[PDB]
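As given, the protein sequences belong to chains H and L, one line each in that order. Residues 1 to 52, 52A, 53 to 82, 82A to 82C, 83 to 100, 100A to 100F, 101 to 152, 154 to 155, 160 to 167, 169 to 178, 181 to 194, 196 to 198, 200 to 204, 206 to 223 (the authors' numbering) are what the first sequence spells out, left to right. Residues 1 to 27, 27A to 27E, 28 to 214 (the authors' numbering) are what the second sequence spells out, left to right. Where a beta carbon is used, it is the ideal one built from N, C-alpha and C, also for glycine.
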Amino acid sequence: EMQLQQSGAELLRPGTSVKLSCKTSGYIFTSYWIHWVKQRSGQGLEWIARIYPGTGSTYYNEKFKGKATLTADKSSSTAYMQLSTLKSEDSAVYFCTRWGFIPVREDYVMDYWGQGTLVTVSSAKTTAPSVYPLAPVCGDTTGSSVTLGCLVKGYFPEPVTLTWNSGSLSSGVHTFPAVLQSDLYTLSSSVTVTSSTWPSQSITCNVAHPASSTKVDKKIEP
Amino acid sequence: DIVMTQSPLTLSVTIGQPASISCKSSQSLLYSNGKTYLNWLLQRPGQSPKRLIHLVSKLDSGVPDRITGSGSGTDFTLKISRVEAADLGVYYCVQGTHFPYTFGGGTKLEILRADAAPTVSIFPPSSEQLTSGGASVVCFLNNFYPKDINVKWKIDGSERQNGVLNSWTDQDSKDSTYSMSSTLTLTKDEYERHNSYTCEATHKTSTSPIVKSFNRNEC
Ligand SMILES: C[C@H](NC(=O)CCCP(=O)(O)Oc1ccc([N+](=O)[O-])cc1)C(=O)O
Ligand SMILES: [Zn+2]
Ligand SMILES: [Zn+2]
Ligand SMILES: [Zn+2]
Ligand SMILES: [Zn+2]
Ligand SMILES: [Zn+2]
Ligand SMILES: [Zn+2]
Ligand SMILES: [Zn+2]
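What follows is the structure in C-alpha cells.
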C-alpha cells in the first residue's frame, strides 16, 4: 500500500522560510520522480518542480527558482520542499505526488498523492477559540427531529477540529468552512437528531485547536 | 507558458445523463516523439487530485470506463457517458508536452437534483457568550437545492446588514443538497435592547420569504 504523508499546517511570518516534508512508504523511493504542486484559493493548480531521489536530479518551473528548493533523504524515504522568503502569494496548499510517469516506458504507473500541507503567511497572533453550545428554542424544528449546534469563534490560525460525541455521532452533521473576519476565524456545525435521542442521551461538541493547544468539550444542555 | 482554457466553468447534470468538458491549449500538445501528453485529473471535495486519464484517451488503473477522453492538437474533450454521484468534484486538464507543465482552470461538476426547501433553525446567544459581553444569533439553513439563496437578518422589523458572517458547505455527496450557516454578532447590550430576531431567506422553492424568528423577553 503506497502512501505519502505530509507535514501539518504551518503559520509562517512574512519574510521567513519553511521546510515541508513528504514521507513515503510502500514502494522503492529512489526509483520514481516526486512532483510538488501548488493550490491557491480552491481551483487553481500550478506545477512547481520534480526530483528523482535516486540521483538528486531536479527540474524547476522558472517562476519558482529561488523560491523552492527540493531535497530527498533516501534513508528515511522523505522528500522535502523548502520555501524561502515568504509573501502573500505563498499562502496555499502544497501537494507532493509520486506522479507515475516513467520516462523510459513513455507510459504511466498509478499516481499517489499526499494529503496536502496548508501554509498561511501572516503576522497575526495565535488565538485560542471560544466554544459556545447552541440549544434550540425555535431551532427545535418541532417534534420528530431536533437540530443542535456548536459555535467556535475568535481563533487564529486554521485549522480547528470539531467532532460530535468524540466521533461517534457522524450522521446528520454539517460543519461549515471557517470564515475570516478581523484577524479571527469563526466556524460552526449543526447536528440533527430525533426528539427521542435528545435531551435524553447527551450530545457533546469536541473542539481542538492545535496551534494553541486548546482542547474543549461542550455538552448541549437544554 | 501554454495557456489551458476549460469550458464550461460549471456544469449541472442529473444522475444517469452524459457530460462533457472541453479543454483548449495555446500551443499544439503534440510532442516531438509523436505522443500527446494531455492528462485529466479529478479533485473530489476535500481530497487530493487524482489522474483519470493520460495520453489523451488512456484510462488510469481503477478508473471507470464510463469516462472517456479524446482530442488532438489544441482541442481535447473529457466525456462521462452516465453521471453517478461519485463524479462530483472539479475536473482539470493538465499538459506535460511543454515546459513548464500547466493546468486548465477547472470545471466544477454538480449533480442536478429535484428542488429541496431549506430546513431552518435559529439559536439565541448562549449564557456563556453573554457573560463575556458578546451575543451571536445563529441560523442554519440545511439541505436545500438549488444553491442560490439570499438570507437577510431583521431586528424588530428593520434589516441589519452589519456583523453578519455567512458560510456554505459544498454539495453533499449523499443527497446532493447544500447547507448554509448565517451568524449575526452584536454586543450583549444591544442584544438586550431589541425584541424580535428574524432570519429571513429567499429561495426558488417558495414565492414568499422563508422565515424563522424568536422574541427575547424574560421568564
Ligand atoms: C515538460 C517535459 N515533458 C515530458 O517529458 C513528458 C511529461 C509528461 P507528464 O504527464 O508526466 O507531465 C506532467 C507531470 C506532472 C504533472 N502534475 O500535475 O503533477 C502534470 C503533467 C519534460 O519534462 O521535459
Ligand atoms: Zn498507459
Ligand atoms: Zn514547447
Ligand atoms: Zn519545443
Ligand atoms: Zn428599532
Ligand atoms: Zn423601536
Ligand atoms: Zn430594536
Ligand atoms: Zn425597541
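For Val121/H, which residues of its own chain have a beta-carbon under 6 Å away from its beta-carbon, when the five flanking residues on both sides are left out?
Shown here for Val121/H: same chain residues with a beta carbon closer than 6 Å to its own, the five before and five after excluded, namely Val142, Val208, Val217 and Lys219 in chain order.
Does the beta carbon of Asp151/L fall short of 7 Å from some heavy atom of ligand 6?
Correct: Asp151/L has its Cβ closer than 7 Å to ligand 6.
Taking the alpha helix (DSSP H) that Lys183/L falls in, what are its first and last residues?
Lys183 to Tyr186
Rounded separation between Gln38/L and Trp95/H - CA only
15 Å
Within-8 Å CB hit, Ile117/L to chain H
It does: the Cβ of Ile117/L has a partner Cβ on chain H nearer than 8 Å.
For the stretch 181-202 of chain L, which residues have a CB atom closer than 7 Å to at least one CB atom of chain H, in sequence order?
none
Taking a Cβ distance cut-off of 9 Å, strictly less, list which residues of the stretch 72-97 of chain L are near chain H, in chain order.
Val85, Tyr87, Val89, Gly91, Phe94, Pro95, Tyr96 and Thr97
Would you tell me roughly how many angstroms separate the C-alpha atoms of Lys73/H and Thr164/L, rounded to the nearest one?
Whole-angstrom Cα-Cα distance: 41 Å.
Ligand 1 heavy atom lying under 7 Å from the CB of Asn60/H
no
Answer yes if the stretch 104-112 of chain H comes into contact with the stretch 3-14 of chain H, meaning at least three C-beta pairs across the two stretches below 8 Å, and no otherwise.
yes
Helix, strand or coil: which one does DSSP assign to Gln124/L?
Note: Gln124/L maps to helix in three-state DSSP.
Compute the minimum distance between the beta carbon of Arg188/L and the heavy atoms of ligand 7, and state whether it is under 7 Å.
In this structure, ligand 7 has a non-hydrogen atom nearer than 7 Å to the beta-carbon of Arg188/L.
Give me the chain L residues within the contact set of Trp103/H, using Cβ-Cβ distance strictly less than 8 Å, ordered along the chain.
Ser43, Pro44 and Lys45
If you draw a straight line from the alpha carbon of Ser25/L to that of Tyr27D/L, how long is it in whole angstroms?
Whole-angstrom Cα-Cα distance: 13 Å.
Inspect the beta-carbon positions of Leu9/L and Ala19/L and report whether they are closer than 8 Å.
Not closer than 8 Å, so no.
Alpha carbons only, please: which of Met80/H, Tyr52/H, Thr204/H and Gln177/H is nearest the one belonging to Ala114/H?
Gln177/H
CA-to-CA distance, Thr151/H to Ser213/H, given in whole angstroms:
12 Å
Close-in-space but distant-in-sequence residues of the same chain around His189/L (CB under 8 Å, 5 per side omitted):
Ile150, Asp151 and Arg211
With the cut-off set at 8 Å, would you say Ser168/L and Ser188/H are in Cβ contact?
no
Under 7 Å from any heavy atom of ligand 1, does the C-beta of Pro141/L make it?
Result no, Cβ not under 7 Å from ligand 1.
Residue(s) in a DSSP beta bridge with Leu11/H:
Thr110/H
What's the gap between the Cα of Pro211/H and the Cα of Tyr145/H?
It is roughly 11 Å from the alpha-carbon of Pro211/H to the alpha-carbon of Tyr145/H.
For a contact defined as C-beta to C-beta under 9 Å, what are the partners of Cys206/H on chain L?
Simply none; closest approach about 11 Å.
When the cut-off is 8 Å and only beta carbons count, does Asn137/L lie next to chain H?
yes
Just how far apart, CA to CA, sit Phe71/L and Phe98/L?
13 Å
Return the bridge partner residues of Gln177/H from the DSSP annotation.
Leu182/H
What are the uninterrupted segments assigned as beta strand (DSSP E) that are 3 or more residues long and contained completely in the stretch 44-114 of chain L, given in chain order?
45-49, 62-67, 70-75, 84-90 and 102-106
Candidates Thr54/H, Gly55/H, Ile48/H and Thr77/H: which alpha carbon is nearest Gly65/H's?
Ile48/H
Chain H partners of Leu160/L, CB-CB under 8 Å?
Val175, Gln177 and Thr184
Are the C-beta atoms of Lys147/L and some chain H residue less than 8 Å apart?
no
Can you tell me the Cα-Cα spacing of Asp130/H and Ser208/L, whole angstroms?
12 Å
Excluding the 5 residues flanking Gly16/L on each side, which residues of the same chain have their C-beta closer than 8 Å to its C-beta?
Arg77 and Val78
Could you check how far apart the C-beta atoms of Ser41/H and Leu20/H are, in whole angstroms? I think they sit under 8 Å.
That belief does not hold up - the Cβ atoms of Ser41/H and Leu20/H are roughly 19 Å apart, past 8 Å.
What number of angstroms, rounded off, separates the C-alpha of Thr192/H from the C-alpha of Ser186/H?
20 Å
Is there a Cβ from chain L that is less than 8 Å from the Cβ of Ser188/H?
At least one chain L Cβ lies under 8 Å of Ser188/H.
Element boundaries [beta strand (DSSP E), containing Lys169/L]
Taken as a continuous stretch (DSSP letters only), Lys169/L belongs to no beta strand (DSSP E), as it is neither H nor E.
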